[PDB]
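Residue numbers (this note's numbering): 511 to 614.
Cβ coordinates follow ideal geometry from the N, Cα and C atoms, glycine included.
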RNA sequence: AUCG
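Spelled out as structure tokens, the structure:
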């Protein structure tokens, strides 16, 4: 308890709890990709999104899901490149069966 | 950008 104690492991554990994250590997991933403090910066920004009530998730049908609101942060984030944004949650957990020629 |  001196500065913020933004240890990325603690951070990832914090985000997932606060967003009630279903797929906590993702919420921890944001941490890994953007940075330990950068994730906490988002925690403060989530309150800013909270006061405005903004979120459109991948489907748009569900609107303002707790974790999803934080997902909005990757779009609402001021200083992060969109490539990282796509790389984090837009890939989700997709893998490749040798792309086309899956020699089984 | 949270529909497995």
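If you drop the 5 nearest sequence neighbours on each side, which residues of the same chain put their C-beta closer than 7 Å to that of residue i?
{"i": "residue 556", "result": "579, 580 and 583"}
{"i": "residue 564", "result": "582"}
Would you call residue i buried or exposed, if buried means 16 or more other Cβ atoms sit within 10 Å of its Cβ?
{"i": "residue 514", "result": "exposed"}
{"i": "residue 616", "result": "Given that the chain is displayed from residue 511 to residue 614, the structure contains no residue 616 and the question cannot be resolved."}
{"i": "residue 601", "result": "exposed"}
{"i": "residue 522", "result": "buried"}
{"i": "residue 591", "result": "exposed"}
{"i": "residue 512", "result": "exposed"}
{"i": "residue 539", "result": "buried"}
{"i": "residue 526", "result": "buried"}
Nearest by alpha-carbon distance to residue i: which of the options is it?
{"i": "residue 552", "options": "585, 563, 566 and 568", "result": "585"}
{"i": "residue 535", "options": "546, 559 and 598", "result": "598"}
{"i": "residue 516", "options": "607, 540, 558 and 549", "result": "549"}
{"i": "residue 546", "options": "524, 560, 567 and 608", "result": "524"}
Just to confirm my understanding: we take residue i, look at its own chain, exclude 5 residues before and 5 after, and list those with CB closer than 8 Å. What are they?
{"i": "residue 542", "result": "518 and 522"}
{"i": "residue 595", "result": "584, 585 and 587"}
Below 8 Å, can you find three or more Cβ-Cβ pairs linking the stretch 527 to 540 to the stretch 573 to 586? The answer is yes - the stretch 573 to 586 touches the stretch 527 to 540, with three or more Cβ pairs under 8 Å.
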